[PDB]
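Peer 1: I'd like to ask you about the structure that follows.
Neighbour counts run over all protein chains shown; Cβ positions are idealised from the backbone, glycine included. Every number in this text was worked out from the coordinates using simple rules, so none of it is lab data.
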Amino acid sequence: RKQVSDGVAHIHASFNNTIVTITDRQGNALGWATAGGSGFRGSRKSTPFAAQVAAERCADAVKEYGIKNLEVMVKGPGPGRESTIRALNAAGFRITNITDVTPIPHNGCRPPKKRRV
Amino acid sequence: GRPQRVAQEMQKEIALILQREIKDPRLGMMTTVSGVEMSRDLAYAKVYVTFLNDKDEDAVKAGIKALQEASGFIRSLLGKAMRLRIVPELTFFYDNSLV
Amino acid sequence: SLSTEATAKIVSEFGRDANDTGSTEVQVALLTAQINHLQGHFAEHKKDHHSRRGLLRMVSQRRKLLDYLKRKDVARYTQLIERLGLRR
Amino acid sequence: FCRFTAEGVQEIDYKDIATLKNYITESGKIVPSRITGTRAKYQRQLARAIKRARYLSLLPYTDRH
Amino acid sequence: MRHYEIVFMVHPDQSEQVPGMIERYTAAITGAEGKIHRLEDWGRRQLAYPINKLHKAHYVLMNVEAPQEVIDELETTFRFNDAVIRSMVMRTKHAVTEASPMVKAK
RNA sequence: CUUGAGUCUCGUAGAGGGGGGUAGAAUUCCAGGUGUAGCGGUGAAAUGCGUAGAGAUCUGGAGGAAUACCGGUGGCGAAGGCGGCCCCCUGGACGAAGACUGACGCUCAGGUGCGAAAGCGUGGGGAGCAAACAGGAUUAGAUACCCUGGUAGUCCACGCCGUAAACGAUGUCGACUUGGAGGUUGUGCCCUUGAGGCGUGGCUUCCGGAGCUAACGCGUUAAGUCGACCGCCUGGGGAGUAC
Ligand SMILES: [Mg+2]
Ligand SMILES: [Mg+2]
Ligand SMILES: [Mg+2]
């Protein structure tokens with residue numbers, strides 16, 4: 001249908017879960033990739049390799065609107081997050097910038113207690 | 001205790017101190033830890049950390065020593081972060097995550 | 001706490017002269033004025049115990065002076081106590 | 001390393017955005033005197049000054065806003 | 001009266017009353033022993049961070065030795081009124097009448 | 001009598017206190033938008049939860065809660081303690097300089113207060129969190145830890161309560177005695193002068209001499225030397241208990 005040509009995706013670089021989404025240039029996110037959704041579960045959903053492979057699910061939605069540029073965000077410090085970025089560069093889609101936007105509060109929210117052995 | 005179980009919890013703690021609490025970062029990058037290898041009783045922890053530094057030992061070496069030089073200080077940090085009597089010995093390894 | 005101008009007005013009459021600043025009278029008068037200013041603050045701020053702590057530090061102070069004065073010349077004391085309208 | 005003393009300002013007017021910007025990161029976090037070597041009072045004056053300018057919108061809390 | 005340095009902004013769009021309201025505010029100053037030791041306006045300047053989804057707010061400054069009460073109604077006014085979009089009031093050790101970093105650029 | 005004590009004037013720093021404002025993240029919720037097949041959980045699942053479209057993204061709102069960086073031996077304090085910005089109120093500290101008062105002092109039984117958290121009371125308030133309790137994951141004591149929930153509580157206001165390893169496990173004050181390196185904050189001088197050179201105050205830190213200590217150590221911020229007052233103990237258990 002409608003071309004965008006300026007790629008903008010959102011990822012959720014959580015530890016136990018790894019999920020990227022495709023977004024329109026003016027917000028309005030359209031389509032997404034879940035590595036957990038691929039059937040990978042537990043350690044397999046969290047694997048950096050699962051995050052790297054989840055590129056194909058993100059790519060097919062990008063291909064449908066044929067978007068090229070790359071302005072994507074990373075929220076959460078997932079293990080081997082740089083390797084997932086390498087996989088996006090390995091894909092060869094033109095890269096404009098990546099944003100390390102792990103949200104930091106002012107301590108306003110009360111944290112929950114940490115788990116123990 | 002059970003090492004293969006405590007490993008998941010420790011990796012989250014190691015990442016939080018690594019990203020927001022640095023003032024000598026030769027890496028100067030979001031270096032991400034692929035895995036940890038704690039010994040029985042957690043006496044020694046092997047931290048395998050990949051480097052967002054172009055994956056070249058030249059840039060990577062700058063940080064791995066930087067990872068090792070500030071260990072006692074960071075020891076305190078993780079040492080006062082999980083109520084652990086065992087403060088794990090800190091070791092650092094560039095991972096060939098990409099082959 | 002105070003205005004230097006109010007302290008000067010007290011020093012002119014309570015003190016023998018402007019330079020006379022240690023005279024027990026010229027001392028207790030200033031403490032009594034300070035207590036009155038603090039009392040206005042406490043009327044709406046009962047919680048501010050920390051400020052009450054000083055409040056004590058002075059009511060007792062003059063209390064010592066009074067005696068020190070009273071054991072020195074009740075004459076001035078007697079007038080002072082009524083000059084300052086205290087211990088009525 | 002006595003650079004504010006070289007400027008000569010015992011009290012630092014907060015409206016000085018150009019000095020504030022050097023003491024502010026791209027994120028907007030205040031760099032410490034560990035590396036800037038500024039004396040504490042000015043360090044003290046600057047941190048309070050940055051917040052008030054930030055409230056007035058002179059300084060960004062963070063570009064992401 | 002005691003020293004103050006005061007800055008606020010009115011919505012850029014409501015700049016029709018911005019020149020008059022100042023002195024209309026100094027009506028308090030001019031009418032209640034207000035010794036305005038300085039006043040500055042800078043005009044619309046892009047906000048570093050957007051406030052209430054607004055940009056280029058109309059910047060203005062004041063320097064007065066003012067009594068305790070006048071400032072109060074003065075700011076409650078701001079608290080009351082709505083053309084103004086954010087306010088601020090800070091005491092100063094002494095009066096400041098020197099070019100301010102905003103104007104000193106000019 | 002004036003050095004002890006204390007006042008005046010000049011400042012000066014400070015998360016000191018009380019009040020009232022206010023900001024921005026964050027989190028939850030809610031709104032929409034686009035956009036879905038999940039989602040989150042584990043070691044794995046379970047548990048949760050999604051086509052009502054969730055999960056994600058923007059846009060918006062609501063609410064409550066707390067104030068990243070700065071920021072640390074760094075201060076503030078009797079101590080408990082104090083950490084967004086503004087204003088109102090208010091305690092104390094300190095320097096300098098001069099004057100004034102003139103022993104006006106210290107300690108304190110009894111005394112009166114002060115007072116971490118949880119808890120009790122009333123009424124509030126309700127983010128997030130989390131005892132209790134609740135669903136899935138069990139038998140060396142599983143009675144579980146783990147995940148999934150979750151009330152009180154957690155906040156307010158006023159009340160009670162009066163204990164914490166409230167710990168420097170070091171009472172208060174004063175005096176005297178080798179060092180060095182810091183920090184901090186005053187302030188004098190002398191360099192134009194930063195810097196620099198002389199200082200000289202306050203507070204704080206680390207070594208450390210002598211000395212002292214069973215040892216450990218302590219060490220001009222003494223556990224050295226002394227003084228004054230107070231407080232306390234007299235093998236351990238029973239026991240801070242019966243009453
Ligand atoms: Mg509570
Ligand atoms: Mg006790
Ligand atoms: Mg304590």
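Peer 1: Among the residues of the range A:91-114, which ones are within 14 Å of RNA strand F (Cβ to nearest atom) and surrounded by 10 or more Cβ atoms within 10 Å (Cβ to Cβ)?
Peer 2: Scanning the range A:91-114 gives A:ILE98, A:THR99, A:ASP100, A:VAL101, A:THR102, A:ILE104, A:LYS114.
Peer 1: Checking B:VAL33 against (1) within 14 Å of chain A (Cβ to nearest Cβ); (2) in contact (Cβ under 8 Å) with a residue 24 or more places away in the chain, only one condition comes out false. Which one?
Peer 2: (2)
Peer 1: How many residues, within the range A:15-43, are more than 6 Å from RNA strand F (Cβ to nearest atom) and within 14 Å of chain B (Cβ to nearest Cβ)?
Peer 2: Counting residues in the range A:15-43 that are more than 6 Å from RNA strand F (Cβ to nearest atom) and within 14 Å of chain B (Cβ to nearest Cβ) gives 2.
Peer 1: Oh, and also: All but one of (1) within 12 Å of chain E (Cβ to nearest Cβ); (2) buried (at least 18 other Cβ atoms within 10 Å of the Cβ); (3) of a type outside the set (S, T, N, Q) hold for D:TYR23, so report the exception by its number.
Peer 2: With (1) within 12 Å of chain E (Cβ to nearest Cβ); (2) buried (at least 18 other Cβ atoms within 10 Å of the Cβ); (3) of a type outside the set (S, T, N, Q) applied to D:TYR23, the lone miss is (1).
Peer 1: Would you pick out the residues in the range E:34-72 that are more than 14 Å from chain D (Cβ to nearest Cβ), away from RNA strand F (no atom under 12 Å from the Cβ) and either out of contact with any strand residue (DSSP E or B) (no Cβ under 8 Å at 6 or more places or on another chain) or of a type in the set (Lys, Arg) (or both)?
Peer 2: Within the range E:34-72, E:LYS35 is the sole residue that qualifies.
Peer 1: With B:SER71, B:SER76, B:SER97 as the choices, which residue is over 13 Å from the mean Cα position of the chain (by Cα) and either surrounded by fewer than 15 Cβ atoms within 10 Å (Cβ to Cβ) or more than 9 Å from chain A (Cβ to nearest Cβ) (or both)? Quick ask: steps written out before the conclusion?
Peer 2: On the way: B:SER71 fails: over 13 Å from the mean Cα position of the chain (by Cα); B:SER97 fails: either surrounded by fewer than 15 Cβ atoms within 10 Å (Cβ to Cβ) or more than 9 Å from chain A (Cβ to nearest Cβ) (or both).
Criteria check complete, one pass: B:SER76.
Peer 1: Hey, another quick one. Taking the range B:2-11 on its own, how many of its residues are more than 9 Å from RNA strand F (Cβ to nearest atom) and either in contact with a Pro (Cβ under 6 Å, 6 or more places away or on another chain) or within 8 Å of chain A (Cβ to nearest Cβ) (or both)? If you could, list the steps in order and put the result at the bottom.
Peer 2: First pass over the range B:2-11, keeping only residues more than 9 Å from RNA strand F (Cβ to nearest atom): B:3, B:10-11.
Remaining after also requiring either in contact with a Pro (Cβ under 6 Å, 6 or more places away or on another chain) or within 8 Å of chain A (Cβ to nearest Cβ) (or both): B:11.
The number of residues fulfilling the criteria is 1.
Peer 1: Anything in the range D:36-52 that is near RNA strand F (Cβ under 6 Å from one of its atoms) and within 14 Å of chain E (Cβ to nearest Cβ)? List them, or say none.
Peer 2: Passing the criteria: D:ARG48, D:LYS51, D:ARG52.
Peer 1: Does A:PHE49 satisfy the criteria of being more than 14 Å from chain B (Cβ to nearest Cβ) and either more than 7 Å from RNA strand F (Cβ to nearest atom) or not in a loop (DSSP other than H, G, I, E, B) (or both)?
Peer 2: Criteria not met by A:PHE49.
Peer 1: Can you tell me which residue within the range B:12-30, out of those that are more than 14 Å from RNA strand F (Cβ to nearest atom) and in a helix (DSSP H, G or I), is nearest to the other protein chains (Cβ to nearest Cβ)?
Peer 2: Looking at residues that are more than 14 Å from RNA strand F (Cβ to nearest atom) and in a helix (DSSP H, G or I), I get B:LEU18.
Peer 1: Find all pairs meeting these conditions: Cβ atoms under 7 angstrom apart; at least six residues apart or on different chains; first residue within the range A:27-43 and over 26 Å from B:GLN8 (Cβ atoms); second residue surrounded by fewer than 12 Cβ atoms within 10 Å (Cβ to Cβ) and not charged (D, E, K, R).
Peer 2: Listed pairs, sorted by first residue: none to list.
Peer 1: Filter the range A:57-82 down to the residues that are within 21 Å of B:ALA15 (Cα to Cα) and under 12 Å from the mean Cα position of the chain (by Cα), then identify the one that is farthest from RNA strand F (Cβ to nearest atom).
Peer 2: So the first thing to find is which residues in the range A:57-82 are within 21 Å of B:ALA15 (Cα to Cα), and the list is A:73-82.
Right, trim to under 12 Å from the mean Cα position of the chain (by Cα) and you get A:73-78, A:81-82.
Details: A:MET73: 6, A:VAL74: 10, A:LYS75: 5, A:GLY76: 8, A:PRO77: 14, A:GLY78: 11, A:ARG81: 14, A:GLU82: 19 Å.
Residue satisfying both the conditions and the ranking: A:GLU82.
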